[PDB]
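A.B. asks:
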Amino acid sequence: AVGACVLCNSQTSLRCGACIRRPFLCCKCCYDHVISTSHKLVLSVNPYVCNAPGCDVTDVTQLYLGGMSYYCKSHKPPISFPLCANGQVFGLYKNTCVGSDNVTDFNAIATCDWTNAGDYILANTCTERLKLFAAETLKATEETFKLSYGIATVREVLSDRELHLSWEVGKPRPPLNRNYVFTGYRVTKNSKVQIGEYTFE
Amino acid sequence: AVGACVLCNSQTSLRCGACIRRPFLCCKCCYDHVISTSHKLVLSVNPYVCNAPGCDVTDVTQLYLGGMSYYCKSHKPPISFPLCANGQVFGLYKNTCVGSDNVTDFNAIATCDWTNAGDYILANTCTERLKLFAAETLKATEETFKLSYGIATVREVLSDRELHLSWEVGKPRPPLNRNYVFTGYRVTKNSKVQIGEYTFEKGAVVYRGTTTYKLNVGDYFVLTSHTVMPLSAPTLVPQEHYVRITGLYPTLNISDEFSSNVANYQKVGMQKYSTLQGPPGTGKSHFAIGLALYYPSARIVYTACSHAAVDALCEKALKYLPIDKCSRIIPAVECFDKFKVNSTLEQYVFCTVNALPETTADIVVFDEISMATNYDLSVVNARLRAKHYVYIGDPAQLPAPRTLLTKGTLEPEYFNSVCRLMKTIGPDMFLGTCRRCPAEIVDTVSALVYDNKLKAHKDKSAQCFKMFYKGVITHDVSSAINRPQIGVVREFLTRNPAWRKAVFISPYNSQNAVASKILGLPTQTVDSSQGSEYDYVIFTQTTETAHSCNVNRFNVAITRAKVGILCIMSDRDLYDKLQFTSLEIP
Amino acid sequence: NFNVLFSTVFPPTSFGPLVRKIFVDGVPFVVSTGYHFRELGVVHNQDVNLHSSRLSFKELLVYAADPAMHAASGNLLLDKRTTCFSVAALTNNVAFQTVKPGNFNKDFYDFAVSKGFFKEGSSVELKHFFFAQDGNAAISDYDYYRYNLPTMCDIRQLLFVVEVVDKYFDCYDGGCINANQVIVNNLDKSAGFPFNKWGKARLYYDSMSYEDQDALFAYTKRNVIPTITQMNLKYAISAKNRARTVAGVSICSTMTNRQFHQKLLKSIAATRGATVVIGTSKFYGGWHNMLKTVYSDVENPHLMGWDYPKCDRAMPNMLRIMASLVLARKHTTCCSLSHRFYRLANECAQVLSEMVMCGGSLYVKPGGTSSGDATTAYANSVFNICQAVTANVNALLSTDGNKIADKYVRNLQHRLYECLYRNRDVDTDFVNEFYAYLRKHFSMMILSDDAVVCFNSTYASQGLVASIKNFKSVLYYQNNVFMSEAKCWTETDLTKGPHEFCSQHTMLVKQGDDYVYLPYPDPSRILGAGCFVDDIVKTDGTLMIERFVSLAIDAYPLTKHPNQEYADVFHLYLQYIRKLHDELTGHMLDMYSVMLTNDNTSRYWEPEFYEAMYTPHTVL
Amino acid sequence: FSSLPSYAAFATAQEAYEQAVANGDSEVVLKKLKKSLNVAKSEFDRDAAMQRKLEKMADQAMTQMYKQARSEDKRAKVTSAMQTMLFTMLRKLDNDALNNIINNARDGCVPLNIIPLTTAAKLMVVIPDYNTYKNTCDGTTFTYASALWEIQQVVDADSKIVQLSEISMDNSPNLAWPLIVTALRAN
RNA sequence: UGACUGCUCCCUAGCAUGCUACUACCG
RNA sequence: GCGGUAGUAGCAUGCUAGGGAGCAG
Ligand SMILES: [Zn+2]
Ligand SMILES: [Zn+2]
Ligand SMILES: [Zn+2]
Ligand SMILES: [Zn+2]
Ligand SMILES: [Zn+2]
Ligand SMILES: [Zn+2]
Ligand SMILES: [Zn+2]
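Chains as they are written, first to last, in PDB author numbering: chain F, 1 to 201; chain E, 1 to 203, 208 to 336, 340 to 593; chain A, 312 to 931; chain B, 6 to 192.
1. Under 8 Å, do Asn257 of chain E and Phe291 of chain E count as touching if we go by C-beta distance?
2. For the alpha helix (DSSP H) holding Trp598 of chain A, just list the boundary residues, first then last.
3. In three-state DSSP terms, what is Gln11 of chain F?
4. Going by DSSP, what residue range makes up the beta strand (DSSP E) through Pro830 of chain A?
5. Which partner residues of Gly196 of chain E appear in the DSSP bridge assignment?
6. Find the residues of chain A that neighbour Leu130 of chain F, judging by a C-beta separation of less than 8 Å, and give them in chain order.
7. Does the Cβ of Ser74 of chain F lie closer than 7 Å to at least one heavy atom of ligand 3?
8. Could you name the residues that DSSP lists as bridge partners for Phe24 of chain E?
9. Suppose the cutoff is 8 Å on Cβ atoms and the five residues either side in sequence are ignored; what does the same chain contact list for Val776 of chain A look like?
10. Scan the region 326 to 356 of chain A for residues whose Cβ lies nearer than 9 Å to a Cβ of chain B and list them as they occur along the chain.
11. Just by C-beta distance, which residues in the region 44 to 74 of chain F are closer than 9 Å to chain E?
12. At a cut-off of 7 Å, is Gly486 of chain A close to ligand 7 when judged by its beta-carbon and the heavy atoms of the ligand?
13. Just how far apart, CA to CA, sit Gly446 of chain A and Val130 of chain B?
14. Under 8 Å by Cβ, that's how I've got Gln470 of chain E and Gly571 of chain E pegged, so tell me the actual separation to the nearest angstrom.
15. From the beta carbon of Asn86 of chain F, is the nearest beta carbon of chain A less than 8 Å away?
16. Using C-beta distances below 7 Å, list every residue in its chain close to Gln531 of chain E, excluding the 5 sequence neighbours before and after it, in chain order.
17. Any heavy atom of ligand 2 closer than 7 Å to the Cβ of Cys16 of chain F?
18. What do you reckon, is the C-beta of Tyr71 of chain E under 7 Å from a heavy atom of ligand 6?
19. With DSSP collapsed to three states, give me the class of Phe475 of chain E.
20. Which of helix, strand or coil does DSSP assign to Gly294 of chain E?
21. Just to confirm my understanding: we take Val241 of chain E, look at its own chain, exclude 5 residues before and 5 after, and list those with CB closer than 8 Å. What are they?
22. Given a limit of 9 Å on CB to CB distance, which residues of the region 158 to 191 of chain F reach chain A?
23. Can you tell me the Cα-Cα spacing of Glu143 of chain E and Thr231 of chain E, whole angstroms?
24. Below 8 Å on the Cβ atoms is my guess for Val356 of chain E versus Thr279 of chain E; work out the distance and round it to an integer in Å.
25. Suppose only complete runs of 3+ residues qualify. What are the beta strand (DSSP E) ranges in the region 798 to 886 of chain A, listed by chain order?
26. Using a Cβ-Cβ cutoff of 7 Å, what residues of the region 899 to 912 of chain A are near chain F? List them in chain order.
The structure is reproduced here in structure tokens:
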């Protein structure tokens with residue numbers, strides 16, 4: 001729960017709702033993360049959402065802190081003060097916060113699809129911890145764009161080293177060499193079963 | 001109580017109460033449907049009716065919300081709130097609606113009591129879910145109409161081919177043949193007992213069924229009306245021509261059942277559906293049989309529309325394909344049980360759309376498209392979700408028993424969505440090879456509807472006969488009779504020795520029953536009698552009215568016989584179109 | 312009574328549910344359509360249909376609670392760990408359940424030690440801990456039902472004791488209520504055997520509408536529904552190292568027992584000044600009022616208390632039947648004669664002798680009470696009153712009548728013998744006379760098998776009123792247990808109250824201007840509750856400061872005790888509360904910047920907030 | 006709260022009255038201003054109160070109907086689960102021995118305690134110690150309930166396989182003793 | 001894996017009643 | 001000149017509903 005936002009040197013319990021690694025941003029830091037770009041959803045110890053049954057509000061800029069809970073705009077018991085107000089977002093460490101001079105670090109490199117050279121450019125124009133965030137986000141984007149292709153499978157088998165192979169539904173196929181090891185699993189009826197390590201070229 | 005409305009697909013909780021099928025209506029859609037139509041009842045998680053004791057109002061535009069219940073003008077509390085306001089009914093998800101403009105056609109579909117031709121015109125002219133709703137409510141109204149009939153009070157039985165059976169008071173005689181199945185259930189002391197799947201012959209009651217029970221006391225013959233389940237899948241899935249033959253495996257050798265079957269596979273392997281546009285006895289039977297072994301590693305499904313038309317469905321499958329590869333599905340009515348019942352794993356399942364063992368495939372075949380409605384297409388698309396399939400059948404055949412329509416006949420463009428889908432853009436397939444038939448049907452149906460893509464394969468010796476006789480029509484009951492048939496059968500068998508062993512097409516089944524009682528000819532049904540035709544058939548007069556003769560009832564009747572097709576000109580038929588031999592009665 | 316004696320000859324496999332085969336849409340089921348009781352004989356259901364269409368919700372609920380299908384679709388089981396009858400095993404494995412130790416609150420222990428506590432030779436020491444148990448503990452505890460034996464009763468004396476008990480239970484009203492008048496608290500508790508795989512009691516009280524509940528309740532007045540009881544182990548502090556087990560009854564039994572009994576149960580728990588003191592509180596002068604009521608106007612008062620060894624494992628079946636019949640006597644207008652018998656049969660088949668599910672197997676319960684039904688404490692009170700009445704009867708009828716100086720008592724004894732052994736029907740005048748005599752010379756206060764009695768002492772010495780020896784004899788010959796007199800007390804000075812009632816002692820202190828009675832607990836219990844917990848609940852006091860407020864409320868009257876450490880307990884609790892509050896405020900002001908205020912919070916570490924809970928003026 | 010039906014009239018009257026006041030006219034116009042504005046605010050009061058009451062009533066009604074719908078969904082799913090459980094446990098009844106002993110009954114009713122005793126296919130035995138073991142299931146086949154059973158597997162309290170060759174008097178104190186024996190009905 | 005009752009303390013939300021206060025209308 | 005009525009604010013009292021905790025049989 002309690003992590004660390006370090007550019008503003010601020011312990012935090014908040015995190016951006018729709019982002020790469022659920023990144024940690026302090027009150028003012030989450031604020032300029034949610035006004036410099038479009039990230040109108042945050043996560044705290046508990047998620048901010050109206051608590052009446054059947055209600056649905058994704059946004060946070062209009063929620064209110066009610067009777068030990070949160071309520072909203074369209075369905076409005078407004079005996080409260082707004083959650084997002086006065087250059088800050090309500091949470092712990094609402095007083096011991098600094099802010100960020102470079103407003104667009106996340107707004108620049110966490111807002112693109114993590115494939116342009118500008119990502120690595122800024123990563124090298126960073127600090128040790130900022131470039132650590134960069135490297136971890138590169139590993140995260142590597143895995144999150146690797147998990148968007150197909151799964152090969154052998155349904156009728158032939159002689160080894162010469163088989164048949166059908167793949168998946170509609171997805172494209174990645175590069176072809178042994179870079180991607182085809183080490184999956186086998187299913188008997190509901191479980192996963194010993195398969196081994198393979199490679200399709 | 002919660003789901004998507006039939007127009008906006010948005011979440012709702014309101015059910016219309018004045019429509020027989022209780023559709024899910026959006027709040028704005030609910031207001032539009034309740035304002036522009038006398039459908040003044042709305043259902044929610046609780047009914048929208050006045051709950052004041054001793055009061056009885058069932059409107060929606062009249063009630064006021066007060067406290068926790070609903071009240072009217074005569075019982076509204078000081079703290080009141082009208083339900084029908086702002087052009088939007090009060091219900092769940094009232095703030096996440098979008099509305100729609102297709103309300104006039106939806107109103108017409110809902111308000112159409114299914115009387116005239118425009119009923120089916122707009123049934124086949126709307127968006128997908130409206131097609132589904134129209135088909136569902138059409139079957140609902142027809143089944144309600146047929147269940148609005150009496151119970152066959154039976155207390156004794158004479159013998160085989162004989163019966164005394166009485167309907168109820170104020171209820172007329174129900175329709176005759178197996179097109180309206182007679183399946184009843186009697187009682188002994190406390191519950192219902194089995195009777196048998198039957199059909200009646202005339203009024208003497210011969211049994212055209214397939215069993216014999218100790219029938220007598222307390223017997224209740226009824227045309228069992230069945231509850232209709234809601235549809236899930238649309239009538240058809242939009243096709244897209246593949247580039248990869250996924251799963252389909254053209255074998256190394258050629259399983260040369262038929263020659264052009266290679267082209268068959270060639271263009272049925274890429275598009276999400278196809279159709280076997282087959283004239284009678286023109287490869288309408290075993291092209292799928294050839295596909296069975298040319299594509300042996302493909303899950304192939306076979307189906308039809310009625311339990312009667314399973315002849316080619318079941319014969320050649322066991323005749324030539326391997327024994328184990330076939331599989332049987334039959335509820336347990341009386342039909343071919345030649346393959347194995349209770350077997351889920353197989354590559355060739357043969358059945359009807361009545362009941363199947365829920366699974367998905369990649370190849371299907373579907374027979375008898377002419378008497379198939381969009382409801383049947385939707386149910387076969389829901390039960391079976393395949394990659395490619397073929398709808399065996401031709402527009403030059405008979406419609407479904409749509410007794411609902413009385414004014415205008417239902418033409419090829421109005422059979423179903425697919426039957427005009429291949430009419431507008433063209434058929435998926437077009438054959439021109441008659442297996443065994445002289446060129447009489449060639450000339451006739453090629454000048455009429457086949458557009459002469461099939462020509463003379465067998466020679467025309469002109470032994471078939473058509474005469475100048477007209478006939479006289481007389482109505483008695485929901486079936487009629489023909490004095491120039493009671494005399495005309497004899498007058499036409501006077502000296503011609505060739506049509507004594509012919510088959511009797513039956514525009515009126517009671518007339519065929521009388522012909523069997525007097526002279527004696529086999530009874531041949533009209534709709535569900537394709538493939539049961541013999542080599543030699545008589546087309547009899549039997550009618551002059553708009554009962555059967557506009558275009559599409561004789562397109563297959565001309566093909567019942569092969570060489571000796573006695574198709575006499577009966578009424579305002581296609582007389583001055585061709586050449587036909589004639590002999591004048593003395 | 313005769314059936315109990317005659318049922319010991321016949322084989323034990325011919326008792327219980329009777330099943331048969333029914334058809335639902337052509338498939339065969341196995342359901343229970345009757346019962347064979349050891350006491351009530353053979354009972355057949357009244358509404359059973361063999362051929363039926365698809366079943367409804369309440370039929371599913373009834374068929375899912377019957378042990379017939381579960382027993383018939385399971386493996387045979389021969390268990391040699393216990394001597395009780397075994398039916399079947401529901402799985403292929405046997406489940407062994409253990410009990411974990413407690414959690415240590417080190418900060419409180421260090422704080423207490425730093426204030427002169429737990430020194431050698433002190434009079435206050437810890438003797439309440441969380442004891443741990445090994446794998447084979449549940450079955451070992453279930454094997455204690457071997458102390459339940461078939462017992463025949465003296466019927467001509469029980470038929471008079473029941474009349475006297477009914478006279479005792481006469482100031483209340485009861486009957487049947489509709490499904491919309493039932494009050495349930497904490498709907499987030501377990502539901503029973505088959506039902507605990509899909510939700511709690513909330514799911515079944517929401518999924519069932521009102522007329523469904525009414526139809527289900529009306530179904531049990533013509534049929535018998537046997538159910539399954541689950542046995543669970545407790546996780547609580549105690550002073551002895553034996554395992555404790557409670558019984559979880561199915562929802563289908565509780566749902567109807569509530570509608571049957573709740574009106575009478577609520578009417579009992581709302582009366583003040585009666586013999587049964589269930590519902591009366593001890594705060595705001597309640598304890599003093601109860602003690603003054605029990606003293607009445609007895610002439611030579613002494614005090615006495617006794618104990619029941621193995622109270623629930625050894626109670627005979629006949630007394631449980633009598634308690635149920637006594638409770639069910641308020642239904643003289645709402646129910647017929649067959650409806651009451653079928654309700655009694657349902658109660659017997661569900662909470663007196665039924666299949667229990669211990670571990671992963673089904674066993675047969677011989678008898679006794681299943682602590683955990685909807686009518687436990689009230690039935691225990693009826694049983695206690697019955698035992699006291701028969702002890703008094705035995706004490707009076709076994710005295711040489713030639714030495715009784717008073718002639719009124721001699722005539723009373725003569726009439727008692729005549730009404731017991733020479734009269735066939737009830738005689739209300741003598742029942743009233745005996746009830747008045749008992750209430751004048753033998754005063755009781757009963758709370759579910761706990762009792763305090765103020766009795767005339769010279770009458771007891773002369774033998775005209777029951778004593779401890781009479782209770783011992785009655786328990787020996789009617790309960791199959793031996794009652795050692797080392798667990799019973801006697802007090803001859805009324806200025807000091809009962810030696811023990813509901814685990815509390817009594818002291819007479821001066822408050823205001825007058826003298827009142829106050830209860831105080833054992834200091835070791837309070838300290839053990841302070842030091843040993845379940846995790847997160849403590850070991851961090853700042854997260855829950857309201858635990859120590861309640862614990863200090865319970866420990867207030869210890870400041871008037873002549874011994875000195877007893878008040879030191881309360882003072883230590885107050886200082887710990889203040890320390891926890893200061894810790895919270897500073898510990899929160901430091902890293903964060905939130906500033907706390909001490910408005911109306913200092914009331915919790917001053918004695919005036921706690922002194923007001925024992926002064927009569929019911930402010931809540 | 007700003008576009009109520011009376012808001013237009015109230016605001017227009019207030020603006021006109023205050024313009025007349027700013028015109029510096031006589032005291033009669035001031036008295037008319039005061040009366041008109043007082044009655045205007047008085048009529049705006051109930052129009053501002055009743056609407057706020059009605060909105061909260063409507064919101065409560067919506068919440069109650071939503072929770073009712075959720076309860077119905079939960080009921081449907083629990084019904085499906087119970088049906089599935091019953092039809093799944095139906096498929097193990099051994100419908101030939103059960104039918105054979107049902108037909109022998111004189112009216113179709115039999116005690117429940119003798120159904121597993123005469124129709125079950127598997128038997129499970131729990132053994133406390135070795136002395137009890139050698140008197141109940143010694144060897145490889147034993148007799149119980151007038152039937153013959155043959156051992157199939159033996160496990161211990163930790164659910165690990167134990168072979169009969171090591172269940173002896175000398176090796177007894179080396180086993181987790183609550184042993185469970187599984188057998189099958191012979192013939 | 002967590003039974004049936006009884007009593008008490010703390011926090012929030014709603015309802016009803018009462019006290020006071022500030023404007024406005026009416027006589 | 002006094003009272004009535006309509007909103008608004010603070011305060012007090014008793015119930016109902018929700019959550020957290022303590023003791024007893
Ligand atoms: Zn973000
Ligand atoms: Zn920051
Ligand atoms: Zn809301
Ligand atoms: Zn409608
Ligand atoms: Zn809509
Ligand atoms: Zn009304
Ligand atoms: Zn009653």
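Note that the Cβ used here is the ideal one computed from N, Cα and C, for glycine as well.
C.D. replies: Put simply:
1. no
2. 597 to 606
3. coil
4. 825 to 831
5. E:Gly184
6. Correct list: empty, because the minimum Cβ distance to chain A is about 25 Å.
7. yes
8. E:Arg15
9. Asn703, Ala706, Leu707, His752, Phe753, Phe766, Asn767, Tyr770
10. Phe326, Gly327, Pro328, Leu329, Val330, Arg331, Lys332, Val338, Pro339, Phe340, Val341, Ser343, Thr344, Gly345, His347, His355
11. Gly54, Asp56, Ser74
12. yes
13. 18 Å
14. 6 Å
15. no
16. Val510, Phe511, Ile512, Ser513
17. no
18. yes
19. coil
20. helix
21. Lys276, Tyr277, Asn388
22. none
23. 9 Å
24. So it is not a contact: roughly 20 Å between Cβ atoms.
25. 800 to 802, 816 to 822, 825 to 831
26. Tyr903, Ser904
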